[PDB]
Structures are given as structure tokens and as C-alpha cells.
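Protein chains in written order, with PDB author numbering: chain A, 19 to 83; chain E9, 1 to 199; chain PO, 2 to 117; chain dh, 2 to 65; chain Kd, 2 to 144. Beneath this line is the structure, given in C-alpha cells, with notes to follow.
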Amino acid sequence: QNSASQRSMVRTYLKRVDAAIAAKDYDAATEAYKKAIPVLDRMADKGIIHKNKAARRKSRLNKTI
Amino acid sequence: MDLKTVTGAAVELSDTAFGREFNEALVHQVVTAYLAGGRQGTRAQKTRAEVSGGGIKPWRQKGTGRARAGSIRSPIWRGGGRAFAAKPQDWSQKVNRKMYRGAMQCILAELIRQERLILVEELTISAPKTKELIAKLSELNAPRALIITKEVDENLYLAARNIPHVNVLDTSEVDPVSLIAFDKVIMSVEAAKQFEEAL
Amino acid sequence: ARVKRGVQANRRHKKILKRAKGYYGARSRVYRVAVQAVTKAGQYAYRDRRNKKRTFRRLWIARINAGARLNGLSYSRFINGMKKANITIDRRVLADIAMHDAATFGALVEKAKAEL
Amino acid sequence: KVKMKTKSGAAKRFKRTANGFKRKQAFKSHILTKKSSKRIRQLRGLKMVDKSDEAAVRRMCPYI
Amino acid sequence: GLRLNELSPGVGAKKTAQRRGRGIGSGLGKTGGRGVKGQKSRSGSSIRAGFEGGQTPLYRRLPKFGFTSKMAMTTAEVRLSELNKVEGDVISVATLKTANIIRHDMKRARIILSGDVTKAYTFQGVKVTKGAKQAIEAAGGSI
RNA sequence: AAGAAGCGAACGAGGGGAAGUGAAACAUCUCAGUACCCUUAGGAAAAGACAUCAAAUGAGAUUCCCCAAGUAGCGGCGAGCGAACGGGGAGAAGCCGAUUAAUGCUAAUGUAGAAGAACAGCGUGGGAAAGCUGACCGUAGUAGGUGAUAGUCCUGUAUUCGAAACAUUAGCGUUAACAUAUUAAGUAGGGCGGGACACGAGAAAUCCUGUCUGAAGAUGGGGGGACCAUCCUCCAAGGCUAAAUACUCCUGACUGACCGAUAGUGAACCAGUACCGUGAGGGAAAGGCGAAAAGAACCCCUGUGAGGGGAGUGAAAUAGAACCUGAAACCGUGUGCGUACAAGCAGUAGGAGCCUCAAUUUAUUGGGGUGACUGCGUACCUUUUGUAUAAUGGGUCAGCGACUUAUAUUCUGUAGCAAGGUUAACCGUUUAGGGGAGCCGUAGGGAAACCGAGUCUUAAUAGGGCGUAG
């Protein structure tokens, strides 16, 4: 349950980043992505989400930005 | 069908997703499948083959006056291998998509029927701070609750997590064990609509 | 999920050794012998529950015969006289009367002898 | 993956049908000359597996 | 919707498994139903499929007959009741594949009179039986 | 002058290569190219770009997963062995320098660490963390300890964070070692003998070669499962190439309807130790005082021994060091009854007397201990036609000890959908959702073509066989 909530919180931020990509505004995407980064890094340690998967998401988001 | 929010707003929820008759056997099967898939199933014992040593016949077949033995690591002996030694197992069950959806439907219907579901227009915590959530719960008269709504904000998550029995989950990632377990449920009308579409 | 048998085995064995109290030797001390003695004791109880009714009927008949012969009649004629007199008193009561009340049994024998 | 091994010869010998199993009759291979024509004509044609034999045929060939 | 403490599977849903050799009272003691000491009471005993005790088995008493046809593996029979899964009015082999009525590698298709036709179809490159054709043109389809 | 040698888990590649076993025997076959021996790498290896499939509207290297499918086939056609085409996915890439090894910059990581919130009163208690009352923090509330169970006592957790020095990873720059084909002849093919291909010589295509032979070389050659013709596809005899795949002697974090000192590694303990063997090698047993040693000053009996009784400590000393609890077998002491004229599976059904507790207005009942005397009564298990059997097994106690797991399949019960049911692998901020490839049912007849509520046989349209809720 707790782990599920930890997972849940990230998805909203990633959806917001996707909306920022759709807007095509640099700062709005940048703030949301920087807000997300540390939480994903933290979740990586727990083992809920794969570290390789997190790195792939970071590379994709950086390429999109 | 026609429910009230805490404020008083009327909400229209479909009957197939919030009014389906309770099926205790189906809900039982889905809940037990979720609990069984919560298992890790990581353990093992050592069979006589893999127990250290034991390759030689302890004594000759006849003439010693002893019960015959072939190895010192047979399961009869102390320190020997386990007859039918356990190995890692996969305890996950395949729940039919429709069976799971119907179990969720019945769980929600029975929650409404026993008044353990509470509709709210919105629940947004202004700042990350447990006491604000506690104050909101004080007026809602729900000390222990499960909160499910469109999206989970970091501040609401940080406020909720510390609280003993308060948990927050997104509508898509919702489990029957959680819905059944937590005594009261706080849920938004938009999340309810998305449950209708999902189920 | 390992199960240890110690506590349950202890209580199982104590039940048998408690039922085996008062027996001789290994029969009241060690389980392998006590358990056979308890089962055999149950068998004896089961059989003697049948046999006790026969034994007590035997005793009642003996006492009734003694009383009838004191009053001048044998058992096989006294019971026949009872049955002809339509007296329904059972042998247990008849033996009790013979043993503890001689005059009433004398009256019963008189009725039987008048019916014979 | 591990699957049941159907007997290859049994698969050839027996063909599935809705309510029974069909087999060819024996004793037609060779010395036929001494055998009467009526016996040969009777032997010609398909035959139905016996009720008792169907149980073993099913175990031999489950997939069919 | 009830508590985790009070869910039940229902009568008949669950059965307790048999455990062999757990005393007299269980009805499976001392043997587990295997009887007495024969070949079938031993550990690695089986019921050898196609074995009659040494007597030549039935499948070796009887002769092999027939041959396997490769064309028959690529021909699919289609029932009239299965056409409600088709998207559109044209009924061809490709349409049957995309409707998943026939397997994706089937080369030929045959329509037979099994059920009923609910709407008019156009059967292009498929074989149609007499009854299937009559039912198709009764429902309105033209071949 | 530069390298190498030897050691060390599993995985990879290659050179050799069994037998027990199954077939109810056994030789073909299986086991199995498995065990084992030998050689040799890298973080992977191998393979890899079509002289490959396909025959569909064609596709476009290799590798791995789910189907196809236990199907087609092989098989003393026995036991068994067992694809491929193709579909859905993971990953994608093609090149002729996709090589190695340093050095130098940029960025990041790792190798020590720092701060880090909030509780008091009362009663019980040896001791408070538990009880009652009332507070506080919470981005920190199910962590480990502290004299009993603590979010606020300690170490901690959330959160924010530091690097003189060295390692590692990536990007860039540069150096020095090696390599850099130019289209492929003792090569393709063939005879003999073998081997591998699911394929055991089979009608046997395809690949490798010990022996003997031996082309065309683009107006040509290879394949398309004997072989011929047509058609389609591609260019062997040059080399290279990442990813998806396999593993764990190890390092960091985390987890467990895994074990808890006969268990779990053989090894929780000075364990590959004691011990056994010439050697290869085999291979144990053995944990716990107490919260804190506060581990008993001192006195007494004793040999300045052992051991103990006092005193003292401790909440507790039959918690005193062989120390938490402390069962059973087994062996003592004490009290009650019975027993030295009586024959046997030792009990059971009665039953006098005696002893002991309670009643009871006082030798009468109820509970408990023993059991003079009477009746009946030849243990248990196993195996047997049949056992007290003088047929087997057990000296007793305590602990351990034997129908399980994975997959496939049939029947039954139950639940969801219902002429429909369901997804697998995978994607997935991963039990949700997507993924319709595939599987079962709905139609059967015949060897098959083929037909189809019919079909097979037949000259027959006769006759007959098989057929006409999952």
C-alpha cells in the first residue's frame, strides 16, 4: 500500500511533464522535470522501479527537453 | 445510483460499477489471489544429492547386524537431506479480467451499501504538513480512511504517509485488498467516473 | 512452515499414561506398554459390560432358589408359579426380598404354591 | 516445456470420431488364399473399437 | 466490501486434499490405498500406457492405415454462426483471418450450413456448400 | 628489448567421450553427446548480413522468449526421439579500423562523514516502555536497544548534505602497438567409409571430412528434401560487427506465509577443526547465569582438595557459574494400603476391609489412595488360508522419519462470461491496464482428393458403417 502510493505520486508529475512537452514551453517542462528527478532517484534505491528503466526515462526526457 | 458528497452535491454513479449485487465467492477468490500473489516464495531445502558428503555406503550390506544404509545423508538420518525438499515457488494466480472487474464492482457496491464510501468534490492539501490533513479528517469524521482521486500530489502524499492508517492511491492503481482492508474510503467524483469507464 | 511435534506428543502421551495409572511395571510408566494395557482395559470393560448383566442375573437366580428351597419349593417351580399367578416382579427385586425380608418372600412362595 | 508424449503408432492406428474410434480389421495382410471369400468381404471395411478398449486408447492418444 | 476477516469461498468451492499414511482414522493408513505388496504398490510404479502384461497390445494387433494430407492442414471450415465476428460485408480468406475465425496461415476456407446468417455478405474466394449458399442468398448475400 | 608461465566460482567455445538405466530380457535404439578428462577466453562467449527462407499480396543478418506443436516426421515403426514454415514479442545495424593499450582535460559515481523534531504527572512494579490522566512532533508512526510493550530516553528514520587523495564510468583530444581483403581452386561437386542434421540408408535432399579424385568460374554457379524441365531466390571458396541471451568466488541496498542449535551451510561455538586413513579422501559433537558480576567479603565441616551449611548480592541463588525453562526413560527417600498356602499377557466387572479429606447434628453419604475374595481374560505389529504362537520387528524414553514439487492431460465441484470463453511471451511509475499471436467449443464423413447435415463403400439413388453448452 505504501509502496503503491510512492509509485502513484510520480505518475502525476510525469503526466504534467508530458503536458509541458505538449505546450512546448522550456521553463514549464524544465521545472516539472527537475521536480521529478530526485523522487525517481530515491525510488530507484528501494528497488520498486528498475535503475536501468530510470536511466532510460532520464535519457528520453533529456532528449525531449 | 444517486449519492451525496460530504458538502451535499448530488453525484450520478452507474449501477453496474457501483450497484452490482455482492458476490462473496468471487470477491473471496479475487482477494485470496491478490494475497497469494503478494507472496515472494523464496526458500529451499537440500536434498540428499546436494547435502554435503554422503557418497559412500556407511557399512557393508550384510554381516554387521545393523539396519542397512546406503548413505549418511538419507532423510532417515539426522543431518540428512529432506525427502521432498522445498524449492522456490511461484504463488501468483491468473485472475480472469472480468472476474477481477466484477470483484471490484461488488466491493464498491458493498462499500456504498454499508456506508464505508464517502464522496468528496476535491481533497487538496495546501502544504506538506500532517496536521492539516488531520484537521480535514477531523471535520470529515474519518480518523482512518483510504483516499483515491484523479491524481496524487507530492504534498498530499507526504502528509498522508506518516499517518498510521491513512493512505493515498491513484484511481488506476487501486487494489481490492486495500479497499476491503481500510475502514473508510474517501473518493472523488471524477475518480468515480473513471472507475465507471474502467469497469 | 515447520511444525515441531514436542508439545502435542507430550500431551498425547500424558493422556495415555494418565489412563494407565495404577498398572504394574512398564504398564504405568512407559508408553509402548501403557498404550496396549489401556486398549486391552477398554476391551475388557466393553466385554464385561455385557457379562455383568449375566452375572447379576445368575446371582439373583441363586438367591431366589435358596429362598424358595427354604420355603419348600425349587426355582424352576417358583418362577413357573409366578408366571401362572401373573406376578411381574423381576428377579432383582425377588432376590432383594429373599435376602432382606424373609416373610414377604414366604408370602410370595405361598402364592406360587397355591397357583401350583 | 513438458508435455505428454503420444504414441506415434497409436496415433496412426486410431482416428478420432465424434462418439467412437475407428480401426481397420485384422487378418487381411497375407496368406488370405485359404480364407473364404465371405470372410474376406466381411473383414474388408472399418470397425469400431470396443467400449473397454476405448479407455486405454484415450490414455494412449489424449490430444486426438 | 466485507472485512478481510469474513470472506468465504462458498460451499463446494474447496475440497481438502487426501494425505496417505496418516493413521487408521483417515481411511488411508498404512498404504494410501495402494493395496498390498505388488508391482503397483512400489514407489516408482506406473500404469504403462499400451501394455497388456506381455500380450501384444491392441495398437500392435491392428494395422496402420491412411496417410496424413498436408492440404488438410491449410483448409479451414467456417460456420454460418461465426460470421458475426466479421467487420464489414465482404467475406474473404483475409477477412476471416482478421476476424480470427481461421488461423493466420490457412490458405483455403469453406463455409458450411451450421448456424444462421444475420446480414448479407459477399463471399469472394471461398467454397460454399449447397445449404450454406441457399441460406446465404436467403439472408441476401450473393456469391 | 617486450611479453608469457601460476592461481581462482559459474557461464562460453572447442578436442575426446562412458556405463548404471528404459525397452518389463537384449544386441539396433535409449540413457546422451549427459557424467568425466583435456585446451582456451570475455564480461559475456558463440553467431551474425544471405551462394537464407518462401512459393503468400513474398520476406529480408544473428541471438533469446510465447505459440505453431507433442503437430509433420524418425523409430527392432518397439521403448522412445521430435522439428520446420510461419505468427506475436525483446532488441535492432550493418561494415572493410565497429581493435588494443596508455596519457591529458570535462562531467558523474564510489571509497571516511554532519546536522537531524517532539512527554510530563499519578499508581503498581526490582525495574515502566505497559495502566489512568493530560500534552507535543510528524516530508520523521509498525527500525534496533534501554531493568516489562517507547514516534517524543539512546542509536536511529524523513529531509538536506560535505572530499585533500585514489578508483571507476561516460564525452572529447592526442599518442603508440596491431590490422587495413578487393571478390576468392585442389575450392564446388563426385566414388568409398563415417559423423551431424527431429531424419536410425531410407526414395534421402542439406552440412563436415579420413582416402582417391575434381569443375565451371557470370554466355557461370548454389539452393528450393531422390531426380528431370520451367520458374523463383542468392553469389561459397576473405575478414569484422553492439543489443536483446547464460552465470555468480564476490560488492551495496532490500526482501521472505524460509530454519531456529537433531533445524538452517558439514561448520551459530577456535570447523574442514578433533578424529579416522599410507594416500586420494571421509568427517563430527559442542549455543543461552543475571538487566547490571553486583560472579558469593567473612565464618564453619573438610586434606589449604572436592563439596556443602551460614552471611551477603540479586526481583528471583532447586538464577551459583555443567548456572534461562527443566519433560520422559532411569534411580532414591517419606507417608497411606496390600502382600510370605498361593500358580499363568497382570487387566477388567464386581467387592470386604483399611487410610485420608469434606460435609452430616455425627461411622451415614460424596471425593481420593490401596485392593483381601469371586467371574472372565494366551500382548502389539507384520505376513498369512490361518498366529498367544515356539514365524518377523521392537531394551526403554526424548527428538527426527516416509505419497511431495513442476508441467501436461481427463473427470468432478465451485465462480465469472456464455455460442462464445480466454490470453501467452512481453509492454507496464509492474497484482491494474494494454498485448487477439495462439488455444478450446461451435460438424461430420472418408486414407485422401473431396463433399458437408451429411458423407464413405458400391455400377446402385439399394443395403450397411460413421454422424445428424462450452
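Cβ atoms here follow ideal geometry from the backbone N, Cα and C, with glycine treated the same way.
Under the three-state DSSP convention, the category residue 25 (chain dh) falls into: strand
Alpha helix (DSSP H) segments (min. 4 residues) lying fully within the segment 45–94 of chain Kd: 59–62
Terminal residues of the beta strand (DSSP E) in which residue 49 (chain dh) lies: 47–49
Inter-stretch contact (C-beta, 8 Å, three-pair minimum) for the segment 92–106 of chain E9 and the segment 8–27 of chain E9: Counting Cβ pairs under 8 Å, three or more are found: they touch.
Interface flag, residue 48 (chain A) vs chain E9, CB-CB below 9 Å: no
Closest by C-alpha distance to residue 82 (chain Kd), when choosing among 45 (chain Kd), 117 (chain Kd) and 130 (chain Kd): By alpha-carbon distance to residue 82 (chain Kd), the top candidate from 45 (chain Kd), 117 (chain Kd) and 130 (chain Kd) is 117 (chain Kd).
Touch test, the segment 60–73 of chain PO against the segment 93–101 of chain PO, Cβ-Cβ under 8 Å, three pairs minimum: yes
Residue 188 (chain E9) - DSSP class collapsed to helix/strand/coil: strand
Sufficient close CB pairs (3 or more, under 8 Å) joining the segment 39–50 of chain PO to the segment 74–93 of chain PO: no
Residue 98 (chain PO) - DSSP class collapsed to helix/strand/coil: helix
Below-9 Å beta-carbon distance, residue 179 (chain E9) vs any chain Kd residue: yes
Residue 38 (chain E9), buried or exposed, once every other Cβ within 10 Å from all chains shown has been counted against 16: Exposed is the call here.
Where the segment 14–31 of chain Kd meets chain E9: residues whose CB sits under 9 Å from a CB there: 14
Any C-beta of chain A under 9 Å from that of residue 34 (chain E9): no
Partners in chain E9 for residue 9 (chain Kd), counting only beta-carbon separations shorter than 8 Å: Here the neighbours are 24, 25 and 28.
Cβ distance (whole Å) where residue 28 (chain PO) is taken to contact residue 38 (chain PO) below 8 Å: 4 Å
Buried/exposed call for residue 87 (chain PO), threshold 16 Cβ in 10 Å: Taking every protein chain shown into account, the CB of residue 87 (chain PO) has fewer than 16 other CB atoms within 10 angstroms, so this residue is exposed.
Cutoff 9 Å: residue 24 (chain dh) Cβ touching any chain Kd Cβ: yes
Where residue 158 (chain Kd) sits in the DSSP three-state scheme: Chain Kd is shown from 2 up to 144; residue 158 (chain Kd) falls before or after that span and cannot be answered.
Where the beta strand (DSSP E) through residue 203 (chain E9) begins and ends: With chain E9 running from 1 to 199 in the structure shown, residue 203 (chain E9) is simply not present.
Which of helix, strand or coil DSSP assigns to residue 124 (chain Kd): strand
Distance between residue 84 (chain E9) and residue 45 (chain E9) (C-alpha atoms, nearest Å): Roughly 9 Å separates the two Cα atoms.
Whole runs of the alpha helix (DSSP H) within the segment 90–121 of chain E9, excluding any shorter than 4 residues: 97–113
Closest residue to residue 202 (chain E9) among 74 (chain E9), 152 (chain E9) and 120 (chain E9) (Cα-Cα distance): Residue numbering for chain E9 in the displayed model covers 1 to 199; residue 202 (chain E9) lies beyond these limits and cannot be assessed.
Candidates 115 (chain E9), 182 (chain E9) and 172 (chain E9), of which the one nearest residue 195 (chain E9) by Cα: 172 (chain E9)
Backbone CA spacing between residue 4 (chain PO) and residue 10 (chain PO) [nearest angstrom]: 12 Å
Which of helix, strand or coil DSSP assigns to residue 168 (chain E9): strand
Residue span of the beta strand (DSSP E) that contains residue 2 (chain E9), given as start and end: Note, residue 2 (chain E9): beta strand (DSSP E), 2–4.
Best match in 190 (chain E9), 51 (chain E9) and 174 (chain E9) for proximity to residue 81 (chain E9) [C-alpha to C-alpha]: 51 (chain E9)
Contacts around residue 46 (chain A), its chain only, beta-carbon distance under 7 Å, and the 5 residues preceding and following it disregarded: 38
Cut-off 8 Å between Cβ atoms - residues of its own chain near residue 68 (chain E9), not counting five sequence neighbours on either side: Cβ neighbours of residue 68 (chain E9) beyond the five flanking positions: 61.
Cut-off 8 Å between Cβ atoms - residues of its own chain near residue 66 (chain A), not counting five sequence neighbours on either side: 21, 24 and 25
Alpha carbon of residue 56 (chain PO) to alpha carbon of residue 78 (chain PO), nearest angstrom: 22 Å
Cβ pair residue 185 (chain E9), residue 133 (chain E9) closer than 9 Å: No, these two residues do not count as a Cβ contact at 9 Å.
Three-state secondary structure (DSSP) of residue 116 (chain PO): helix
Contact the segment 116–131 of chain Kd vs the segment 99–108 of chain Kd: 3+ CB pairs below 8 Å: no
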